[PDB]
Structure formats: structure tokens, C-alpha cells
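Note sheet for the following structure.
Numbers and lists here come from the model and the stated rules, or from a named source; nothing here is a laboratory result. Note that each Cβ is placed from the backbone with ideal geometry, even for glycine, and that neighbours are counted across all protein chains shown.
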Ligand SMILES: Cc1cc2nc3c(=O)[nH]c(=O)nc-3n(C[C@H](O)[C@H](O)[C@H](O)COP(=O)(O)OP(=O)(O)OC[C@H]3O[C@@H](n4cnc5c(N)ncnc54)[C@H](O)[C@@H]3O)c2cc1C
Ligand SMILES: Cc1cc2nc3c(=O)[nH]c(=O)nc-3n(C[C@H](O)[C@H](O)[C@H](O)COP(=O)(O)OP(=O)(O)OC[C@H]3O[C@@H](n4cnc5c(N)ncnc54)[C@H](O)[C@@H]3O)c2cc1C
Ligand SMILES: CC[C@@H](C)Oc1cc(N)nc(Sc2cccc(Cl)c2)n1
Ligand SMILES: CC[C@@H](C)Oc1cc(N)nc(Sc2cccc(Cl)c2)n1
Ligand SMILES: CC[C@@H](C)Oc1cc(N)nc(Sc2cccc(Cl)c2)n1
Ligand SMILES: CC[C@@H](C)Oc1cc(N)nc(Sc2cccc(Cl)c2)n1
Ligand SMILES: CC[C@@H](C)Oc1cc(N)nc(Sc2cccc(Cl)c2)n1
Ligand SMILES: CC[C@@H](C)Oc1cc(N)nc(Sc2cccc(Cl)c2)n1
Ligand SMILES: CC[C@@H](C)Oc1cc(N)nc(Sc2cccc(Cl)c2)n1
């Protein structure tokens, strides 16, 4: 070859590694993977494995499974599990500790992958494009810093992911993000989760589980109803159920000023003009793509909306040899997608047989308490897009919650079909095991299954999922975008 | 002509569904016979069927109770500190809280018959007089007082099934699923006999509710528990019951039982061991419940232990008489009996005929941990289809590194036909396996292929996302022979 390495991957991400690994193993290419550190934690947070492994899907989910024990301990008494309810409070310390261990052992698990894989090489620093075939690595985030390596390559892949959006407000410095939340010293007593994204909610769940006895948690959204882009009816039942679990949801209310107090605590001036004191305050505003210092303009790769790399369906950028995936594109900011985008890139480029990722009918989930599983069109956007649609609903309280005493925990299902053909466009579920159920739904919808296939499949009694196969007569319809009965 | 357009013998999961549908969607005059209105002994079964009163409902509640044992224990790893000295639960407050819940269904159902015109409940022992008549009697003695005499166009037999006993000296001193539900106290020293889904579910329950110092033994005459399930699933489970403290015992059934001076039950074994247990449950299985209906009076046929002889549209030996659910002995699940009984209503009363699809029925075992399975076992698949490919994947969920239950391996095993890529079977052991499998059994109802499975996008992080990563078979079968690659 004319060059040194075949591939370079900026960012050792869920998407990045998958690509880098596959190219190196199934195609034996020489592949380098750049990231900013090897083990998780501050100051950089993200590390080997990506945002999902170090400060996302893994640690998050562990804490969520921790926070659930609050309910499950409480629920147990109804089935005759008697015990000391005076020791009401958990230990945040022993959770974070136990979490770190687990996340850490992945970073180990990955180091020895690069060691064990020939072709694959990890390169710790800040990746930056020199030109279309060269990638500078630097020790410091300052672009003028010491230059650590200079990688030469046929193809470049940008899997640098995304970074928390701040709100530019007086006192922003004193707030935290998803990233900092994971390495908090102690459990916040008086907590304020700002925003209404899936992060905002997941975390409100977590802190509400791990609050010290006497603490409370406030959610705070500028809009009307939390989690836009989800089935409104699901969003409401959830907004209630967070309430029922003790999360004080607050709407049409964002803060305007934050000021640190003489005892360390954070004082918050609000939208309406309220003043309040919280130990911590987290910003789940969202995530901007992480392209802001890579020097894309040096190479001729294009930025669009907040650095979103400009990319076609086969993941190719402005420059022919350069590609980009996952969160930096801003197509869909989930891992399984980024993995697939990065797998498809390897078959396209190195594997001969080209292919692009199918972004329709991607199932996904929110690990709130209780959690949501959704795949497909929201009923609002479905009736607007397709001419005639039929909306099926079903809410039931599981039989067990008569005994557990959590009668607030309504399991909900909402199927949204095209009426003409009977095809399932969307399925929306709130309740425990909704993330597990939905996956297998998203397979049915990948085939484009119809409501006939759903109800006319035999049941698995007793489950929550068996109420997919009973959904027969629509609760109501839409006729040309018009909320209709007939 | 007739005073009822249909009589149901047995207010069952299948029965009610049929009786309700005929009465409501078709406005027929329908009577439903059962032996009582509320749950409990001596009869156990009541309004709602075996599932509602002494099956899927109470069982599942107890299972959800028994889980709390693990979940309490597991919580400590995530920093849930508390008094572990009070190690033991309260069986009494569980049974109590269970009864309430099952009871409120029996209420829920009484007022259905009240609120539904056409629908009428008739408490007694149903018995065929002839092809159009159904005698109701107060006592189980066939010669007893005659309470009603129902006349009808069509008769449906949804009388379900009854626990198989083992004819052994001391059988009287044992219990069944039915009695288990109304036990006074939690058995300390317990012996679950057999290796059916009941046997296992219950071993799970008693092991959760044992007093501190008690133990639970499982006991099967065969090699490996739960025949008819994926062998590799059956083993990982047999280990995991062990790991939870259930002492599994194989090639060992008892031969004599004798009650002791302090009430307890003493058990002579297959191998010749002697042991003492507080209670001993028999999950041998369930024979159809046709043994006193006088089918021979009407000309309906019995076969293997009363199994009603029935065609695909659920029609029996006599044209106007039909039978469903457990009494047929096709598949002894509720969702099936419901569908068999729904299909019967469209066939007879609804004009448009239809028969129930017994292939690719998903189902589950609520062990701890539970199984979800739909389709062919790998053994029977390779024997039946020429070339098959078996995909496997066992992982330990990320959380069990912290909870300290590292024994809890979530397992998945897909079994395909290799020629076409079609998914014949899917087998899952682990928490949320029953919820996941339902949505699988929809894919397999369409006859989905392994291409559709792996090439669907993931829902990270779940157990179910490891269905959409299953790409290269661990091994194959070529004309019934265990092999890696072919020809
Ligand atoms: C709190 C949180 C929770 C989440 N939860 C879920 C969930 O439950 N389910 C789900 O499906 N998805 C979840 N996600 C989404 C998931 O993390 C991402 O969508 C996915 O990892 C995107 O892949 P990517 O390769 O584009 O970025 P990532 O996989 O995140 O890779 C980013 C990597 O690039 C490196 N990098 C960035 N810039 C540079 C540079 N200049 N030089 C060198 N290296 C660099 C970083 O150090 C990092 O390791 C979550 C995200 C967050 C933040
Ligand atoms: C412990 C246990 C657990 C179970 N768990 C599950 C599970 O988790 N999932 C699942 O799918 N299935 C389960 N089953 C199976 C389920 O209970 C039955 O297979 C199902 O209810 C069959 O429906 P059916 O209408 O045929 O009969 P059933 O619903 O069993 O109907 C029986 C009814 O008929 C009545 N009857 C009996 N004799 C007469 C007569 N001579 N005259 C009038 N009425 C009569 C009885 O009083 C009874 O109420 C379980 C069974 C048991 C015993
Ligand atoms: C009931 C709807 C009626 C009050 O109209 C509403 C309601 C609402 N919450 N926000 C608006 S406009 C709006 C948009 C973004 C942020 C905020 Cl605080 C308000 N209009
Ligand atoms: C202009 C708003 C900008 C600073 O970003 C913000 C501000 C805010 N209060 N909440 C969010 S999160 C958010 C709020 C409403 C709807 C949706 Cl979809 C997201 N983003
Ligand atoms: C097909 C679902 C339908 C039976 O509704 C449900 C769901 C559920 N979890 N429990 C019940 S109570 C119930 C009534 C009759 C038979 C059985 Cl097995 C259960 N009904
Ligand atoms: C109880 C009658 C005896 C002869 O037969 C037994 C004995 C026993 N321990 N378990 C059962 S139930 C059972 C045993 C093996 C395979 C299967 Cl599929 C079921 N039947
Ligand atoms: C392949 C091992 C070889 C001994 O075959 C085996 C093993 C076993 N446990 N039981 C049998 S026959 C058998 C069937 C029912 C009950 C009993 Cl105790 C034995 N054959
Ligand atoms: C046979 C492969 C099986 C063990 O899967 C593996 C392999 C491995 N090295 N780490 C894991 S850890 C893990 C944690 C949560 C979910 C899943 Cl699917 C896996 N699983
Ligand atoms: C792609 C492997 C995937 C299907 O298995 C799983 C499942 C799970 N719950 N956690 C993991 S750990 C992990 C490995 C790579 C990227 C990410 Cl985001 C997580 N792997």
C-alpha cells in the first residue's frame, strides 16, 4: 500500500470499536483507534468503550436496578416479607463503589482485546484531522499542544459521539450533567433534574431511589409534557407515576439564575420567580455532537447543525475516504444504531458488499421507574403522515399490585396501525418488562407485521405481553389527520 | 325448541370464554355449570376454572412472593442495608393476601352472570343424560338429588383436568397442587415429587417461604427434569435450582409413606433411603376430568384416561356435542383452551368455521429463574427436519456482578431449519423470558427466519437484544446427526 494503516477511528465508541474490531478481524486490515483515555472517570468521563460503556447504558442501568430495590423492598411486605423499615435509606457510596469496579473491569476487558488482537492498536490522546489521510494525536485539548503521534491512513472514521448541552445562564458553572452525576460523592438530598429528555427522567428515578431519608427530587421542564417524541398517553401515565413514586414533576418552568451558598448548597431562581435550595442540580438538556475541535474544515468534511457531520446513507462524508457514525451524525443517538452504522461501514468499504443502516422501526427504551418500550410511529405523526389510522389501547393493573399495594403501576400498551392495510406502524408500552418485550416486537415490525398477526397469535399466560395478542377492536381512529370515531 | 342454545359443563378459562361469547356476540341462551362459585376446598376449582382458582393466578402471586427472597438478598450489593436476622417470611400473610385477590375474581364473575342476559350460572355436578339434556346434581354420587335438568341444542365439555395420583402405600398422606394453595403453614422440610412444570414452580415457592432452618427436595423418576424442553435449558435450570438451595434428586421416586406420632410424614424411597418431611406434594401430572360425566350415556368417546375424542374443530363423537382445553389433552394451557373455546363459537354460532392452531404456541415455566419457550426442541427438530442449525448464547447479566447472584445465567437457544433459514424453535432461561417469548411466538406465527432476527436493530441494554446478535450456529444436525459443517 501507499500508506501506513488501512483505517483510523477517532473515538473508541460503541460504533467505533465495532467498526475497528470488524475491519481488523473479519478483514485483517491495519486499524488504529484513538480515544482520550483507557479507564472511565473524570475529567474526560468518556473512555475505551464509548459514552455507553463508561458514562451511559452500563453504569446508568446498574443505578436504575439499584433504585428499583426501593420499590421492591417496600412491595415485598404485602407478600409477607417482614423486616426493619426504620433503616429506610440506602448507601450511595457502596453503589458507586460497586459500579466503578464493574465499569472498570470492562476497561480492562478492552485493553487486553487490543493486546490480543493483531491489526488493532489503541492510541491515547486527542484525535484531530491534519488532512484527508492523516490524523494528528495530541496530549492536550489545546490544539497547539505537544503532538504525540501522526497516523497515516487510507480511510478515517469519526465515532466521537456527543457532549452534554449546557444552558447559557448565570450560574451554569455550579450545575452538573449526566457525566458528573456518575461520580458524585454523596447522594443528593434535595435534588433538581432539569429538562425532560430520557436522561432527565432516568436520573430523576435514580436519585429518588438513593435520596437520604428526608430528601426529595424535583423534575423541571420548559415544555408542557415531558419526553416529546413519545406516545402522549404513555407520557402522561408516566408523568403521573413519577409523581406517585415521589418525584415532584414541574412544567413550564426553567431556571434563570444559580448562586452557590455559604454552606456549599445551590440556590436557584426560577422561570416563574420562585427561589429554592437544592444540594445538586443536573442538566439533561440534551447532547450536541462532538466535532467542535477535530478540525474538519482542515480536511473538507462538513458541519451542519451544532457540528452534526454531514453524511449520506452509507455513512460517507463530504470527503470520499472519510466516514462518520453514531451520535456525531445526529441521525439516531442510540448505541445499537451506532454499532449497526459502524458494522455497515465495514461491509461497505472493506467487505465489498455495500449496505446502509435501516433507521425506520428501530426499537428503543427509557429506563424510568416504570420504564417505557416503544417502536415505530407516534399516533400523532402517524395520522398526519398516513391517511387513515386506527389506534388500539389497553391499560391494566397487574394482578400482583393488588397485594404489593403499588396500585398506581398501570401497565399500558398502545398499537397504532394503518387502517387500509392493517399494518402495525407503532407500538408503545409503559410498564415493567416493557424494554424486554418491545425488542421482539421490533422484529415483527421489521417484517411489517399486521394487527391480524398480533391478536391472532396464541397467548403466554400469565404475562403483560399476552395483552398484545388480545388487541382487536380500535378504541378510536384518525381519518386524514382528524381525531375520529368513524 | 330448546331452553338453552348451549350448556357448558365447567366454568373454565375455555368454558366461560365460549359461554360469554355465544351469549354476547351471538345473543344465544347459555348456561354454565360448575361445582362452586368461590375458590377453595373441598372442590378447589370454581367459577373461572382451574387457572383462576388453583393455577395461573394464585400460583403466580406466590412465585412473585418467593422471588422477593432473592431480590431482598440481591439488594445489599447495591447498598440496601438492613436487618438480615429477620430472614424469614410470613406464609400466613401471603395466603391471606392471595385469597382476598382470588376471591375478588369470583365476585367479579358472579356479577358478570348477573349483568349478562342469556348467561346463567348453575351450581352442581354436570352429567350427560343424553345428546341434548344435561342433568345437574348436588352430590358427586351420581344417584344423588337432582337439582336441575337443562335442555339444549349444543353441549360443550370444558371440565378440565385433575391431579394424577401415584398408587402407592401412603398416597393418602400426600398433597397436590390443589391442596398446596390452602396449606396452613409453610412446610419446613418439603418434598416436591415429579418433574413437571408444577413440580418445579412449587419447589421455587416453598423454597422462598421455608422457615429459617428448612429445606426443599425435588424428586424425579427420570434423569433430567422437565422433559419436552431444551435439554441445555433443562440442565442450566437444574443447576440454578441447586444454586438457590433446592436439592434436586433424580432416578428416585418414593415407595411407601407413613404418618408419624408428631404428625410429620416419613418417606421410604426408591433407593431405600428413609427421610422425614412436613409435607409432600405430587406434581405427577393431570388426567382429564371426564370420569363421572356419563359420556357413554350420550355416545361421546373416551380414549386415554378419559381424553375426550375430538376433531380439529373441537367436535366430539356426537355432532351437537363439543369439548375443549384440558379434557381433550391436546395442549393443557389456558390461552389454548380460551382459543379452542373462542373458535367453537365462530364455528357453531358464528357461521364462519375455524380450528385452533396448536403449532408455535408460546408458553412459560415460572420457576426461579423462569423459562420461556416456543417451537421445536433441538432433538425433535433434527429428527423431523433433515438439516438443522442450532444457535446458542449464554451470558451473565451485568447486574449480577454486583448483586452477587453470579449463578444466574440468561440463556437463549434458537433452532432453525438450515435449508430455508426458518426459525423452528426458540428457548430461553432467565428473568423476563416469559415476557420476551410472547413477542417471539408472533414472529414464529409468521414463520420468521434467522435473517429477520439478527438483522433487526437492538434495544440496548436488555436480555432480549441478544436475539438480534445470533448469527453463526454453534453446531448443526445433518439428517439427525450432531455435526459442525456439512457434506
Ligand atoms: C447518560 C447516557 C445514557 C445512555 N443510555 C443509553 C441507553 O440506555 N440505551 C441506548 O441504546 N443508548 C444509550 N446512550 C447512547 C449511547 O451512549 C450512544 O448513542 C453511542 O455510544 C454512540 O456511539 P458513537 O460511537 O457515536 O459515540 P460513543 O460510542 O459514545 O464514543 C465516543 C468516544 O469517542 C471519544 N472521543 C470523542 N472525542 C474525541 C477526540 N477529540 N479524540 C479522541 N477521542 C475522542 C470519547 O472519549 C468516547 O470514548 C446513552 C448515552 C448517555 C450519554
Ligand atoms: C397449579 C396449576 C398451575 C397452572 N398454571 C398455568 C400457567 O401458568 N399458564 C397456563 O397457561 N396454564 C396453567 N394451568 C393450566 C390451566 O389451569 C388449565 O389448563 C386451563 O384452565 C384449562 O381450561 P379449561 O376451560 O379446559 O378447563 P378449566 O379452566 O380447568 O375448567 C375447570 C372447571 O370445570 C369445572 N367442572 C369440573 N367437573 C365438572 C362437572 N362435572 N360439571 C360441571 N363443571 C365441572 C370445575 O369446577 C372447574 O371450575 C395450570 C394448572 C394448574 C393445576
Ligand atoms: C393548554 C395549552 C396552552 C396553555 O398553551 C400553552 C401551554 C404551554 N405549556 N406552553 C405554551 S407556549 C410555551 C412553549 C415553550 C415553553 C413555554 Cl414555558 C411555553 N402554550
Ligand atoms: C432554547 C432552549 C435551549 C437552551 O435548550 C433547552 C432548554 C430547556 N429549558 N430544555 C431543554 S430540553 C427540552 C425541552 C423541551 C422540549 C424538548 Cl424535546 C427538550 N433544552
Ligand atoms: C388473554 C388475557 C386475559 C385472560 O386477561 C387476563 C390477564 C391476566 N393476567 N389475568 C386474568 S384473570 C384470569 C381469568 C380467566 C382465566 C385466567 Cl388463566 C386468568 N385475565
Ligand atoms: C406417579 C406415577 C409414576 C408411575 O410415574 C411418574 C413418577 C414420577 N416421579 N413423575 C411422573 S411425572 C413425569 C415423569 C417423567 C417424565 C414426565 Cl414427561 C413426567 N410420573
Ligand atoms: C445414559 C445413561 C443410562 C444409565 O440410561 C439411563 C439412565 C437413567 N437415569 N435411567 C434410565 S431408565 C429409567 C427410566 C425411568 C426411571 C428410571 Cl429410575 C430409570 N436409563
Ligand atoms: C458466550 C458469550 C457470553 C458469555 O456473552 C458474554 C461474553 C462476555 N465476554 N461478556 C459478557 S458480559 C454481558 C453483560 C450484560 C449483557 C450481556 Cl449480553 C453480556 N457476555
Ligand atoms: C453488542 C453486544 C451486546 C449485544 O451485548 C451486550 C449487552 C449488554 N447489556 N451489555 C454489553 S456490554 C457492552 C459492550 C459493547 C458496547 C456496549 Cl454499549 C455495551 N453487551
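Does any residue of the stretch B:330-350 turn out to be within 11 Å of chain A (Cβ to nearest Cβ), within 25 Å of residue A:465 (Cα to Cα) and part of a loop (DSSP other than H, G, I, E, B)? Yes; the residues of the stretch B:330-350 include at least one that is within 11 Å of chain A (Cβ to nearest Cβ), within 25 Å of residue A:465 (Cα to Cα) and part of a loop (DSSP other than H, G, I, E, B). Filtering the stretch A:278-295 to residues that are in a strand (DSSP E or B) and within 30 Å of residue A:145 (Cα to Cα) leaves A:287, A:288, A:289.
Only one of the numbered conditions (1) buried (at least 22 other Cβ atoms within 10 Å of the Cβ); (2) closer than 18 Å to residue B:153 by Cα is not met by residue B:315, and that is (1). Set side by side, the residues B:218, B:224 differ, and just one is away from ligand 3 (no atom under 16 Å from the Cβ), over 25 Å from residue B:99 (Cα atoms), in contact with a helix residue (DSSP H, G or I) (Cβ under 8 Å, 6 or more places away or on another chain) and assigned to a strand (DSSP E or B), which is B:218.
Just name the residue that is nearest to residue A:58 (Cα to Cα) out of those in the stretch A:182-198 that are within 16 Å of ligand 4 (Cβ to nearest atom) and not in a loop (DSSP other than H, G, I, E, B). Reasoning before the result, please.
Keep residues of the stretch A:182-198 that are within 16 Å of ligand 4 (Cβ to nearest atom), which gives A:192-198.
Imposing the further condition that a residue be not in a loop (DSSP other than H, G, I, E, B) reduces the set to A:192-195, A:198.
On the way: A:192: 23, A:193: 20, A:194: 22, A:195: 22, A:198: 15 Å.
Result: A:198.
Only residues that are crowded, with 22+ Cβ neighbours inside 10 Å, in contact with a strand residue (DSSP E or B) (Cβ under 7 Å, 6 or more places away or on another chain) and under 23 Å from residue A:360 (Cβ atoms) were counted in the stretch B:418-442, giving 3. Every listed requirement among (1) more than 7 Å from chain A (Cβ to nearest Cβ); (2) over 29 Å from the mean Cα position of the chain (by Cα); (3) touching a residue at least 24 places away in the same chain (Cβ under 8 Å) is met by residue B:455 save one, (3).
Any residue at all in the stretch B:80-99 that's in the same structural domain as residue B:29 (by CATH) and either within 16 Å of ligand 6 (Cβ to nearest atom) or in a strand (DSSP E or B) (or both)? No, that holds for no residue.
The number of residues in the stretch B:304-344 that are closer than 22 Å to residue B:228 by Cβ and within 15 Å of ligand 5 (Cβ to nearest atom) comes to 13.
One line per residue, one yes/no per condition, for (1) assigned to a loop (DSSP other than H, G, I, E, B); (2) outside the structural domain of residue A:64 (by CATH); (3) within 16 Å of ligand 9 (Cβ to nearest atom); (4) at positive phi:
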residue: A:200; (1), (2), (3), (4): no, yes, no, no
residue: A:233; (1), (2), (3), (4): no, yes, no, no
residue: A:253; (1), (2), (3), (4): yes, yes, no, no
residue: A:264; (1), (2), (3), (4): yes, yes, no, yes
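When the stretch B:141-176 is filtered for residues that are closer than 27 Å to residue B:319 by Cα and surrounded by fewer than 20 Cβ atoms within 10 Å (Cβ to Cβ), the ones remaining, listed by number, are B:142, B:146, B:147, B:148, B:149, B:151, B:153. Restricting the stretch A:74-100 to residues that are under 27 Å from the mean Cα position of the chain (by Cα) and at the interface with chain B (Cβ under 8 Å from one of its Cβ atoms) leaves a set whose member that is surrounded by the most Cβ atoms within 10 Å (Cβ to Cβ) is A:90.
Scanning for something closer than 30 Å to residue B:258 by Cβ, more than 16 Å from ligand 5 (Cβ to nearest atom) and within 14 Å of chain A (Cβ to nearest Cβ), does the stretch B:211-223 turn up at least one residue? Yes; the residues of the stretch B:211-223 include at least one that is closer than 30 Å to residue B:258 by Cβ, more than 16 Å from ligand 5 (Cβ to nearest atom) and within 14 Å of chain A (Cβ to nearest Cβ).
Which residues, taken from the stretch B:398-430, are assigned to a loop (DSSP other than H, G, I, E, B) and more than 14 Å from every other protein chain (Cβ to nearest Cβ)?
In the first step, residues of the stretch B:398-430 are kept if they are assigned to a loop (DSSP other than H, G, I, E, B); the result is B:398-399, B:404-409, B:418-421, B:430.
Those that are assigned to a loop (DSSP other than H, G, I, E, B) and more than 14 Å from every other protein chain (Cβ to nearest Cβ): B:407, B:409, B:418, B:419, B:420.
Here residue B:285 meets each of (1) buried (at least 24 other Cβ atoms within 10 Å of the Cβ); (2) under 16 Å from the mean Cα position of the chain (by Cα); (3) more than 14 Å from chain A (Cβ to nearest Cβ) with one exception, condition (1). Remark: residue B:55 matches the filter, which requires a residue to be away from ligand 1 (no atom under 16 Å from the Cβ), surrounded by 19 or more Cβ atoms within 10 Å (Cβ to Cβ) and either over 22 Å from the mean Cα position of the chain (by Cα) or not assigned by CATH to the domain that holds residue B:208 (or both). Answer with yes or no whether residue A:376 is surrounded by fewer than 19 Cβ atoms within 10 Å (Cβ to Cβ) and either more than 9 Å from chain B (Cβ to nearest Cβ) or within 29 Å of the chain's Cα centre (by Cα) (or both). In short, no. Might you check whether a residue that is in the same structural domain as residue A:8 (by CATH), without any contact (Cβ under 8 Å) to a residue 60 or more places away in the chain, more than 22 Å from residue A:286 (Cα to Cα) and away from ligand 7 (no atom under 16 Å from the Cβ) occurs anywhere in the stretch A:381-388? So far as the stretch A:381-388 goes, no, none of its residues is in the same structural domain as residue A:8 (by CATH), without any contact (Cβ under 8 Å) to a residue 60 or more places away in the chain, more than 22 Å from residue A:286 (Cα to Cα) and away from ligand 7 (no atom under 16 Å from the Cβ). Considered as a group, the residues in the stretch A:3-39 that are within 14 Å of chain B (Cβ to nearest Cβ) and not in a helix (DSSP H, G or I) include one that is farthest from ligand 1 (Cβ to nearest atom), and that residue is A:26. Residue B:476 fulfils the conditions (1) facing another protein chain (nearest Cβ under 10 Å); (2) over 30 Å from residue A:61 (Cβ atoms) except for a single criterion, (1).
Being surrounded by fewer than 21 Cβ atoms within 10 Å (Cβ to Cβ), without any contact (Cβ under 8 Å) to a residue 60 or more places away in the chain and either within 16 Å of ligand 4 (Cβ to nearest atom) or more than 30 Å from residue A:76 (Cβ to Cβ) (or both): is that true of residue B:263 here?
Numbers: surrounded by fewer than 21 Cβ atoms within 10 Å (Cβ to Cβ): yes; without any contact (Cβ under 8 Å) to a residue 60 or more places away in the chain: yes; either within 16 Å of ligand 4 (Cβ to nearest atom) or more than 30 Å from residue A:76 (Cβ to Cβ) (or both): yes.
So residue B:263 passes the test.
The single condition from (1) more than 18 Å from residue B:368 (Cα to Cα); (2) surrounded by fewer than 18 Cβ atoms within 10 Å (Cβ to Cβ); (3) touching a strand residue (DSSP E or B) at 6+ places or on another chain (Cβ under 8 Å) that residue B:245 fails is (1). Please go through the stretch A:101-124 and give me each residue that is within 14 Å of chain B (Cβ to nearest Cβ) and surrounded by fewer than 18 Cβ atoms within 10 Å (Cβ to Cβ), ordered by number. A:101, A:102, A:104, A:105, A:108, A:109 - these are the residues of the stretch A:101-124 that are within 14 Å of chain B (Cβ to nearest Cβ) and surrounded by fewer than 18 Cβ atoms within 10 Å (Cβ to Cβ). Note on the stretch B:100-129: residues that are in a strand (DSSP E or B) and either closer than 27 Å to residue B:180 by Cα or assigned by CATH to the domain that holds residue B:184 (or both) amount to 3.
Just the residues that are over 13 Å from residue A:439 (Cβ atoms) and either assigned to a strand (DSSP E or B) or within 7 Å of chain A (Cβ to nearest Cβ) (or both), please, taken from the stretch B:431-452. If you could, list the steps in order and put the result at the bottom.
Of the stretch B:431-452, the ones over 13 Å from residue A:439 (Cβ atoms) are B:431, B:434, B:441, B:444-451.
Those that are over 13 Å from residue A:439 (Cβ atoms) and either assigned to a strand (DSSP E or B) or within 7 Å of chain A (Cβ to nearest Cβ) (or both): B:434, B:441, B:445, B:446, B:448, B:449.
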